[PDB]
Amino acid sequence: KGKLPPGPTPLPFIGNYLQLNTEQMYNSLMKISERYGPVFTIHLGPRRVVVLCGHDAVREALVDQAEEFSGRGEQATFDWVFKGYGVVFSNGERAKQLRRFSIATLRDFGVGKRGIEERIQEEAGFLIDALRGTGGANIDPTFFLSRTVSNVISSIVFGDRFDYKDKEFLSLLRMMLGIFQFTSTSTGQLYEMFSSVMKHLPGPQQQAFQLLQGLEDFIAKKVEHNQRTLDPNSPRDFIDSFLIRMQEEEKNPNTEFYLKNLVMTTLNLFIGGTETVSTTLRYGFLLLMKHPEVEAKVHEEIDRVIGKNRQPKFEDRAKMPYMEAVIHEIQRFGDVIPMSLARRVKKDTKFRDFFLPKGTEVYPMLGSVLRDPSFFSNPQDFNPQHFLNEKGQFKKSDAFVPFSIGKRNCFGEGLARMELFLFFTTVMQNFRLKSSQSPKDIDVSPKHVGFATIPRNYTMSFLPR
């Protein structure tokens, strides 16, 4: 046809705003999908976006035409501070350069090796101590979990972990939680459409920018310190490595290795490597309390395979199919980044029967793939069986795409999975979960859903076993 995917007729500037509920972007788009198809065009304010719903559409584009869909789209709130710099929100040469270096440097500091595994085990140990410190009292787990998670990636980029009593550390975690919630509210999704006006208007978006600026200032501060103490022969962390590469590229006019890309890339890892996993853990514990039978089987498998003495190690996952199914189901049900991070066609593209002009933005609806009724029998329920065969053995699914897929997929996936398995397992090994209310009354529906899926606030107690 040579034409863009079908979709509701947009109005000047506001686009399809009148046919969308900013507080429920996902449901609005899915409803529109019922009449236009799994592949349609939507106008988020002036942003023309091609929406991909369901496993087939998403995989066909991001994997089968991986290079064509390898461009990075926008996320207005984050672009406020990033401005196209850094590894995540960058495109072309800058993205290729920063991503290759980041993956390599991450591996140099233990990611994927025994080095980081030991780091996660030790930090898991610190979480256990902290949980024991609550004396079984009812608590908000939120920051107990984010502190532990953040310390893993923090060890890599800053060279050392934060003290759990570090007030400034708590401030930063609050900033990350704040930005994740904002981008998932009605105002945050409205911002994605009308940032051209809103970035200049009073409102919640301004407070959001301040949280981001607070994070950037902290990073800039850390970089400055490392600069005034850098050992070119012995890098201490991710920042040092980049600083070294920068020195080596000082004679290259068009190098991508300069201060701003260092600050933004480090900020990317600090935020991206913290809040995502933290959120998953938080939702996970809530779901396990909502389903005692699942916790029971988890404990059964842990006691048998690992016991009550030694610390869980990453290799234990191979001998624990149920736990593997449980973590997968948590990520599937959790649907933490419901619409992924926007992609964009790098050149004129022919997708299925449509035409996508170069630069077109793309919304891979990851949540629609994680609940694709063709891949999971009861997508709306939380059931580990979704990842298990009759034999109780772990069964993979092509529809398991919480980290997205393709050329700009999450390269933090390996670390994330090691953290999820080690933290979930070490916690369940040591504690029994006690909810504030009867299971049947626990609400596992999300508090907010926009850029991310945010679970409702809750308290709980960790009872030693």
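Numbers follow the displayed sequence, beginning with 1.
- Set 158-166 against 323-331 and average the Cα temperature factors; 158-166 ends up higher.
- Judged by mean Cα B factor in the deposited record, 438-446 ranks above the other of 438-446 and 20-28.
- In the PDB entry, the Cα temperature factor peaks, among 367, 204, 141, 357, at 357.
- Taking only the listed residues 377, 266, 148, 280, the entry reports the highest CA temperature factor at 377.
- Residue 224 sits in the highest third of its chain by CA B factor, as recorded in the PDB entry.
- In the deposited entry, the Cα temperature factor of residue 427 sits in the bottom third of values across the chain's modelled residues.
- Placement of the Cα temperature factor of residue 239 within the chain: middle third of the modelled residues, per the deposited record.
- Ranked against the other modelled residues of its chain, the C-alpha B-factor of residue 338 as given in the entry falls in the lowest third.
- Looking at the C-alpha B-factors along this chain, the one for residue 175 belongs to the lowest third.
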